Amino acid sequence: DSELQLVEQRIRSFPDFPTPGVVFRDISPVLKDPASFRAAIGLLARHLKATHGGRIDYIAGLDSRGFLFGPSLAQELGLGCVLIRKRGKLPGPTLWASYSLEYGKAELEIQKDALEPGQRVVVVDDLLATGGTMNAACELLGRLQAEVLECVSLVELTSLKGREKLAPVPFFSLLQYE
């Protein structure tokens, strides 16, 4: 697939960042090449319409790199984008959810009024690894009584079993690495 290859060719790999033995998958060249970025958004939007038709109310973008994709995906789909942030950044009443990031704890947060009960949401981030970030986002949304239709990413690291962590919430990635 030509559109898929536009994206795949613009992932840059950096061994041993941030820690030895790992490979960091850098999306920066995707954002830097307008045809690549457009291709990534189009592939996501196409899959989502093919899977949910008109049922998606909102995209939820995950702080920070998910913010690079959320608004553009929402726009392509004719939808608004809600924000899920790292804790301490959002004004107004909030809820938060901890997850394991690196060697300690991080927390995501959402405004209590971000969604109404029963609203249907697709979560986007750049990359699924352990699924801790995405899972925390789903927890937040469920605690607003929102329905998470699917989570999606550009990249998925399959050996980390992020997909299983999210299950039964469906998951879709453009690209898969070990």
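Residue indices: 1-based, along the sequence shown.
Compared with other entries of the same protein, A106 falls outside the group left without coordinates by a third of them; all model it where both flanks are modelled.
Between the stretches 81-89 and 95-103, it is 95-103 that shows the larger average CA temperature factor. Higher mean CA B-factor, judged across 105-113 and 66-74 from the recorded values: 105-113.
Highest C-alpha temperature factor among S153, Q145, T130, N135 per the entry: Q145. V121: CA B factor lies in the middle third for its chain, per the PDB record. Among the modelled residues of its chain, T158 has a C-alpha B-factor that falls in the lowest third, as given in the PDB entry. Ranked by C-alpha B-factor against the other modelled residues of its chain, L6 falls in the highest third. Among the modelled residues of the chain, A50 sits in the middle third by CA temperature factor in this PDB entry. Split the chain's modelled residues into thirds by C-alpha temperature factor. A39 is in the middle one.
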